[PDB]
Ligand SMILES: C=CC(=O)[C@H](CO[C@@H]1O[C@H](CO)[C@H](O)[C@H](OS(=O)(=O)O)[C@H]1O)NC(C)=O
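Take a look at this single chain in structure tokens; it is the form deposited without the named molecule.
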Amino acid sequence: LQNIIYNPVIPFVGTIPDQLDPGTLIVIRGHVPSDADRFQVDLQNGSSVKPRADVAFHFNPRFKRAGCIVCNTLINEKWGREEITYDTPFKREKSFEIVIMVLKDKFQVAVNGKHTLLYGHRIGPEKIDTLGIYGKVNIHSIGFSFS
């Protein structure tokens, strides 16, 4: 992998060092603490907080009850229609690997080597230049494979 970041402080906000062209991978390895409620991986158009940077792809594992993953997009500080996946591989106290693959029409995400979900583009992926990781999660490494 390319442009690897080790043991970042959370919240992490970093510039993605090349374009997210089809076939590009974002690989995030970490673990979920025992008290986690949720965490998220946000692919953003910049890092502004005011107005808040648009979020092309919000990938949001939630741990209450049986758990799920919520995905959405934030445009001009308004969330769109949530996409929910109930078949969640994440668990408190367990390590994980997330691989986000950028495709022409969508993202595809695999967790722990297994296909997890698709998310159709709502913002042009060319507008994504920033990776945010927030919430109750421990990140070991972030790396990229650019196409």
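Quick note: we count residues from 1 along the sequence shown, nothing fancier.
The protein also exists as the form solved in complex with the named molecule; that form is not presented, and the subsequent description refers to it.
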| property | result |
| --- | --- |
| Residue (of 106, 92, 115, 52) lying close to the named molecule in the deposited complex, criterion heavy atoms within 4.5 Å | 52 |
| Interface stretch in the deposited complex with the named molecule - options 77-85, 93-101, 106-114, 28-36, non-hydrogen atom within 4.5 Å | 77-85 |
| Any non-hydrogen atom of residue 121 within 4.5 angstroms of the named molecule in the deposited complex | no |
| Interface membership of residue 40, the named molecule in the deposited complex, 4.5 Å heavy atom rule | yes |
| Residue 45, heavy atom within 4.5 angstroms of the named molecule in the deposited complex | no |
| Residues from 53-84 in contact with the named molecule (non-hydrogen atom within 4.5 Å) in the deposited complex | 58, 60, 62, 70, 72, 79, 82 |
